[PDB]
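All remarks here apply to the structure that follows.
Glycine gets a Cβ as well: all are built from the backbone with ideal geometry, and neighbour counts include every protein chain shown. Quick note: the coordinates plus some simple rules give every number you see, no bench work behind them.
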Amino acid sequence: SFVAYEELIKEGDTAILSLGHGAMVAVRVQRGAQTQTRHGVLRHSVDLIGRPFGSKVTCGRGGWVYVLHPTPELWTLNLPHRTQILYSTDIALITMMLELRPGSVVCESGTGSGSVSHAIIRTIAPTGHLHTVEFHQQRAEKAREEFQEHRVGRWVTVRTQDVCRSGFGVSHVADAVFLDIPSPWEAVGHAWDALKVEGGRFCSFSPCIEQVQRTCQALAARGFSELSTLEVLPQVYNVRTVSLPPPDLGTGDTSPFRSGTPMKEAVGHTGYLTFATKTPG
Amino acid sequence: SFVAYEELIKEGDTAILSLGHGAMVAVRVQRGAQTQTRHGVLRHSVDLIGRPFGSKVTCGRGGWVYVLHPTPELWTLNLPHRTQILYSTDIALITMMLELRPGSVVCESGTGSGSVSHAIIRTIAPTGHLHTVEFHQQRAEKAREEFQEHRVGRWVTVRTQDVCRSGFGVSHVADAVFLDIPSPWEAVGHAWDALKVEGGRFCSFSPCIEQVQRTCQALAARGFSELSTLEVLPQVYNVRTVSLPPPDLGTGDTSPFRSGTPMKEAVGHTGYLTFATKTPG
Amino acid sequence: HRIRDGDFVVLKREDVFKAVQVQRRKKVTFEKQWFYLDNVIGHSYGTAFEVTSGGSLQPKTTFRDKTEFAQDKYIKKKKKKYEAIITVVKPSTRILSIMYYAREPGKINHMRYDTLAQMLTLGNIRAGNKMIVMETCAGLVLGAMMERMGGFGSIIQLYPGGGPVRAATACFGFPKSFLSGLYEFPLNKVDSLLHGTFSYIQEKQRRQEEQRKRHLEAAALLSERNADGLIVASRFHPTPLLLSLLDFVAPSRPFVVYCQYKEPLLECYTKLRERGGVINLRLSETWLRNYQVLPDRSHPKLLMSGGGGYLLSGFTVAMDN
Amino acid sequence: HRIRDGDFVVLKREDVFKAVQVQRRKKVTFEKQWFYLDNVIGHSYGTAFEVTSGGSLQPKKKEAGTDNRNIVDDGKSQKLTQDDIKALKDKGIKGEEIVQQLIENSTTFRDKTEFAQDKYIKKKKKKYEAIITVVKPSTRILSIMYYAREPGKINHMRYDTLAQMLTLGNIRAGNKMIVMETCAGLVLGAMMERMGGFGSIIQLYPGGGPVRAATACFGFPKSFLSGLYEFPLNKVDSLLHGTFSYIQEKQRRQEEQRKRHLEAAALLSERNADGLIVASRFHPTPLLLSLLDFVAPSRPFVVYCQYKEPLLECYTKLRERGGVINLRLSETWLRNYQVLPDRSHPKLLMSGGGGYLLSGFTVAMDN
RNA sequence: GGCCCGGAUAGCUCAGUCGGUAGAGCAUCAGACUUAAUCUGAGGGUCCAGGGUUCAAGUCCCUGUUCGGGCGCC
RNA sequence: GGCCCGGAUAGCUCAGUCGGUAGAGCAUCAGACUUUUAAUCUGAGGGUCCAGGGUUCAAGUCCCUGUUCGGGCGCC
Ligand SMILES: Nc1ncnc2c1ncn2[C@@H]1O[C@H](CSCC[C@H](N)C(=O)O)[C@@H](O)[C@H]1O
Ligand SMILES: Nc1ncnc2c1ncn2[C@@H]1O[C@H](CSCC[C@H](N)C(=O)O)[C@@H](O)[C@H]1O
Ligand code: NA
Ligand code: NA
């Protein structure tokens, strides 16, 4: 399962194939079915089922392929982007600043594609729980499906409703809240109602800055504290060996060298992360 | 002088002393003057006058000092901070975006300490000119003094007045404009009236984002086009060789390596720069 | 739930922290002050306090020149400086990771708190994992892992010197239930272990055999070579660490190495591309930027960069034959 | 002042640029189109234009939802066919009308957010209402263009980094500057603008000629050339120690180089240069250890390198050598910003690929 | 025939199960070397088109054009 | 007589003229060791960088005064 490692691949699972480069793809397992790839052809009944994760699975014209056990970070990359998602870089920082752990209770909105949602369940297992919200009828159902296909319904509840009006469907039970909606400043009141009376942490993701100015202006009104707006910025390096040729000066020290050059020339902007704390006072 | 190089030191010049580390200081050469340093004392009558820039200058006790020819970038790091200034990082970028060259007519406000004012004069010499503004009496007066002590008054004229209320003191003669004020959206009109009818460039330094939104909104409405908004962030690296020790595994590759680590783990935020273009239309 | 004697705790003034242990009549110091920790017991976590002559108490001329927002900035500094309040919070990876980076960064090799979170997520740390670790960051990393596991699973701490350091670990204040899955094994018996060649005066003989016993327990679990992950973050060169320790890992499991500098990992990257049985190598770095957000005075403060070290991550794979 | 024929000029669509010369009856390409530069000569600079069949004509310079909670991706939200769109385009309709038609047939447009509408329109006008502007060349524009178009020609020198080099080197009027670049001559161009013809530049080239394709796009007058000089990179060592020394079409050029090289050789022999810049594909260490001998005491210098590792060696080799100070290994990160109401945020943080810079000053040697 | 995969950018054509899909080759042009041949170097890039969607962050699918692979009768 | 310059953070005391100040020693504590009122070896705990105000829309590249230490010229 997503929540716990299992040595052997079994039907119904969700496995990740690593083609090569950084390119990958996710697949659901079913007896008799097949999948097509760059390197070759895999038959789900013999090339997969019963083989342990991380095997050089042969396929087609001498082609192989490596298979990986599912994790939230791997799913984040190969899942179907029903919407725009937050990558594991933002997720990591949010997961820590909200003080998440096994046995915690969380409220998310919007659910969206379930990139964030899967990263949460992983940590809060096996006694924690989630009460995600999504006012879009389809994405709501489609998420519930993925949660069932992945076998994680025990630790999640999808509530098809608005958050800025109906709240998270709960009250005085949540340890942490996360927001990834266009207008989070209107859900601040319900975030307080949702959070435990004993206290909790808060987080609001917003691409624009006025969204922050309004969110903070609303958080202060409700009585949150320890406001701090952070912004994480990843930077991956393509490793490569290079050699600058010497200059011809008429002469007859200039040794090669390794280096880590960035991948994209310029790093994109995910969004501003605003955190806060609820304390009894 | 500032504008033009000179091999030998002469009285009235403004030299720079390297005290070691990054620490330096600006000094005006007068006959009979002294200056105390951590390495000893310099007697200007013999230890400076008549001997060339970049010389190894002893200081009585045996300690010595290196003297440097003056440049705007060095003045920026040793001038008397009357008000907060823009550093060579922010400046260098602006100089290019405004298309400043020998002959360029320019306007500035405020003048403040005159960190920027010197950088401008340098490029636009010896054919261009500047028309600055400073509604404070003292800082305006002190600026005039420095420009005359540096013998650069030829390429500048100061005006004591409010720019937002009385303009830059000229009309349709300037190739470019710059602003460092708490309310640059009020001087947008006068800026247009100052810049040549053929066209020109514009700039505004404002670290609060709210100030930027107003400026851009005011600029476009006036007729300005080609709006953009940049922020520069320097990052200096200390070169220090290091060697990570190997771990003992019972075994009775680990080659050291050069590296460049950042001087400041945290770089401060100067301000947001906001450019634009004027065109007949 | 409620505060109690003996429990471990963190303090907070504004954005400054320091961790201590609650002991009856144990004087301490904090921001140049000096307290006693006796009166704090019977309150809830998150309670504020003001210094008094002795023990803590628990509560519930040209000024007008400054503008509306400059006057509020002038008051706030001169009131906070003379009247400063001290809160009490329950420990957490968040608070300690920010604290140690600010109070004792040299101890933890400048691992910025944001960089730490990436390792917790990239290594897929969760309940029901057999993890391997080798760190010299005062057990801060060891504490972080434990928090995300919650007693479920196990951890094997490799150590050099006399014994494993776990100073910061204690500040978390974990129950005794978590030490069950905690073992140790000296680092100078690994090459022996890989080859399979591994093997009041009374108070020592009891502490000695009891520990060496615990070592052979770890030596077996390591010998299984079936871990669910590996983490590394020390003051040693990481290249050789992986080339030996990764053999203890099972295929299709994540690993994450930290390094204050980059050049060692560039050597470690090639030494892995040459080795075999790994994929999706990812030499990454994370920059963080906090902000100041007030109306009409909203601007970025710091851009924390470079000092956050670098990370080399990936997953394992079987070897050819 | 105003645009004319034969001029050197840059084009601009949205944020895409390309440099071209105005030639009478000259066909050119730009973002998958075909132009003729005859019909754009008389106007002033900074003039917008629209394409038709070849000639360039000069143009001029509500019900909205709230949430996407009930916006499903059918594909049949737009109600005209992929062949109909071609029918209107081939018809030669203005384009302003095309956009207006699409909005009418979009069944969802009147239910989208006011920003999604403003975004949806800006997405169409970018494609149909192809407004191309014309701009006069400058160090500003060309540097951005090259980095965005041909970064591999200039060793990935980001324009912000370039701006630093001009400032750290104290580039101005009346300086005997030395340069060794392989960035299409762009570096030589950025200098000459900041010199305005005054002073002199001593370029050092590898192979058999200095690259100046970029330098041409500035359109500097011939007066700037009287102060320019060149000198091959292979005889530099011979110049340190004074070991330096259609047939007529060959004689002239071979005699012009000689007649122009001996001049350059002299100005270097004086060893009184006012500065040095370097930015090439070759290792920077040896370039410094020799060329610095040609610089007077107390003058600035700057060196560029796409990678960091080489300058670390320079940093050390310059201490063994001595006669320098204020070594400062620097990188400049650049972050642009989108600035609309309730719609303000960064777009791209240009980092690492902008190269690095080593800067300092010269000093007398010990003897 | 159907189904599932993987790519189109320089005038043309390529880019690897981690040694660059911003990297190059051809052609072209220029120097260098001579008997139009032969070496070196330079100019030349915004990613095939159209539509619908994500937050107001390019992030994802569909359709169409074209090149090629794979399963083998659904 | 004055004047000028340069430093204060661990419980104490120190870190240079490559832009070398989050680095360390004394003390302390714990292992290891043997020489046991304990030494030695190896490690660990301990860091927000003095006070008090001002200028600057904004200072994490700044000024003035005080406490304290050091350096250097000389009755100006
Ligand atoms: N008021 C509201 N209540 C509940 N969901 C909302 C909402 N407003 C917007 N949303 C939902 O929020 C989602 C944001 S996309 C978020 C993706 C998610 N955070 C992830 O990375 O996994 C959208 O799909 C939208 O349907
Ligand atoms: N409305 C106004 N008109 C003219 N000057 C103004 C002004 N508002 C503020 N100023 C002046 O602008 C100055 C800004 S400090 C600017 C420093 C300068 N740009 C540099 O870096 O060199 C202040 O000293 C202030 O006196
Ligand atoms: Na092609
Ligand atoms: Na002290």
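Working from label points 7 Å from Cα in the Cα-to-Cβ sense, the C:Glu210 to D:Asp73 distance is 6.2 nm.
Starting from the Cα of C:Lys271, draw a straight line to each of the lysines and keep only those under 17 Å, dropping any in the same chain fewer than 8 residues away. C:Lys271 reaches C:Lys262. Largest first, the three principal axis extents of the alpha carbons in the protein assembly as shown are 91, 88, 80 Å in whole numbers.
Calculate for the protein assembly as shown the 222 nm mean residue ellipticity that helices alone would give, adding -39,500 (n - 2.57) per DSSP H run of length 4 or more and normalising by residue count, nearest 500 deg cm²/dmol.
So the calculated ellipticity at 222 nm is -8000 deg cm²/dmol.
Count, for each residue of D:264-271, the Cβ atoms from other chains sitting within 10 Å of its Cβ, then give me the mean as a whole number. Counting other chains' Cβ atoms within 10 Å and averaging over D:264-271 gives 0.
Counting only DSSP beta bridges with both residues in the protein assembly as shown, what percent are antiparallel, rounded to the nearest 5? In the protein assembly as shown, DSSP labels about 70 percent of beta bridges as antiparallel.
With distances taken between every two different alpha-carbon atoms, region D:53-105 has a Kirkwood hydrodynamic radius of 14.2 Å.
Compute the Rg/Rh shape ratio of chain D: radius of gyration over Kirkwood radius, all on alpha-carbon atoms. Numbers along the way, then the final one.
Values: Rg = 26.5 Å, Rh = 24.3 Å.
Radius of gyration relative to Kirkwood radius: 1.09.
Take B:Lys196, push a point 7 Å out from Cα through the beta-carbon direction, and compare it with the same point in every other copy: 7.0 nm, smallest first. The distance separating the Cα centre of region D:255-305 from that of region C:28-43 comes to 67 Å. The three principal axes of the Cα atoms in region D:136-218 give end-to-end lengths of 33, 29, 24 Å, sorted in falling order.
Using the count of nearby Cβ atoms within 10 Å as a rough guide to exposure, how do C:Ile132, C:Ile75, D:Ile144 rank from fewest to most? Intermediate values should be presented prior to the final figure.
Details: C:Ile132 24, C:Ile75 12, D:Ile144 19.
Neighbour counts put them in this order, fewest first: C:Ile75, D:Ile144, C:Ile132.
Remark: spin-label model distance A:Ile49-A:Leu19 equals 2.7 nm, labels positioned 7 Å along the Cα→Cβ axis. A cut-off of 5 Å between modelled amide H atoms, ignoring neighbours fewer than 5 places along the same chain, links B:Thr58 with B:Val65. The alpha carbon centroids of region A:119-178 and region A:1-49 are separated by 27 Å.
If the Kirkwood radius is taken over C-alpha pairs of region A:1-68, then at 20 °C and 1.002 mPa s the Stokes-Einstein diffusion coefficient equals 178 µm²/s. Excluding same-chain neighbours fewer than eight residues apart, the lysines reachable from D:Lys250 by a Cα-Cα span under 24 Å are D:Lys222, D:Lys235, D:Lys259. Rounded, prolate or oblate: pick one for region C:201-267, where a ≥ b ≥ c are the square roots of the eigenvalues of its C-alpha gyration tensor, a/c under 1.5 means rounded, and failing that, prolate if a/b is larger than b/c, else oblate. Oblate. Quick check: from the Cα gyration tensor, does chain A come out rounded (a/c under 1.5), prolate or oblate? Note, shape of chain A comes out oblate.
Of all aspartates and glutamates in the structure, the ones whose alpha carbon falls short of 14 Å from that of D:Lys62, not counting any fewer than 8 places away in one chain, are D:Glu104, D:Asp111, D:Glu114, D:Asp118. For region D:84-128, pairs of C-alpha atoms spaced more than 17 angstrom apart make up 31 percent of the total.
Taken residue by residue and averaged, Cβ atoms of other chains lying within 10 Å of the Cβ of A:213-223 number 2. Just going by the charge dipole of region A:72-281, with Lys and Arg at +1 and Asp and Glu at -1 on Cβ, which of A:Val163, A:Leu244, A:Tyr87 is farthest out on the positive end? My answer, from the dipole projection, is A:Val163. For a paramagnetic label modelled on C:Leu302 (point 7 Å from Cα along Cα→Cβ), amide N atoms under 20 Å away belong, within region D:306-346, to D:333. Which whole-angstrom value gives the distance between the alpha carbon centres of region D:111-132 and region C:175-223? Computed from Cα coordinates, the inter-centre distance equals 67 Å. Scalar couplings 3J(HN,Hα) for region D:139-146, obtained by applying the Karplus form with A = 6.51, B = -1.76, C = 1.60 to θ = phi - 60°, are 4, 4, 6, 4, 5, 5, 4, 4 Hz; x denotes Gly and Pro.
Cut-off is 10 Å between beta-carbons; in what order do A:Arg139, D:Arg212, C:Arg225 appear when sorted fewest neighbours first?
Working: A:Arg139 21, D:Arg212 18, C:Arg225 12.
Ordered from fewest to most neighbouring Cβ atoms within 10 Å, A:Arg139, D:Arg212, C:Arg225 come out as C:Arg225, D:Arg212, A:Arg139.
Charged side chains reduced to their Cβ positions (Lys and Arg at +1, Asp and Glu at -1) give region C:1-87 a dipole of some 180 debye around its Cα centre. Annotation: the antiparallel percentage among DSSP beta bridges lying fully within region C:103-316 is about 45. Counting only Cβ charges, +1 for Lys and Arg and -1 for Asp and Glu, the dipole size of the protein assembly as shown around its Cα centre is about 440 debye. Partner shielding of C:308-321 amounts to 3, given as the average count of beta-carbon atoms from other chains within 10 Å of each residue beta-carbon. When peptides C:241-248, C:10-17 are sorted by average Cβ neighbour count within 10 Å, with the highest value leading, the order is C:241-248, C:10-17.
What order do you get for D:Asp274, D:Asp366, B:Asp193 when you list them from fewest to most C-beta neighbours inside 10 Å? Let's see the in-between values first.
Working: D:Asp274 23, D:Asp366 7, B:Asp193 13.
With the fewest neighbours first, D:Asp274, D:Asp366, B:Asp193 line up as D:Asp366, B:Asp193, D:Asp274.
Between D:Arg13 and A:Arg38, the distance separating the two model label sites (each 7 Å from Cα on the Cα→Cβ line) works out to 2.9 nm.
Considering only the other residues whose Cβ falls under 10 Å of the Cβ of A:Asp13, what net charge follows from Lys and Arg at +1 and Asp and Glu at -1?
Numbers: positive: A:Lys10, A:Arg28, A:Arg151; negative: A:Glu6, A:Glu11, A:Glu149.
So the surrounding residues net to 0.
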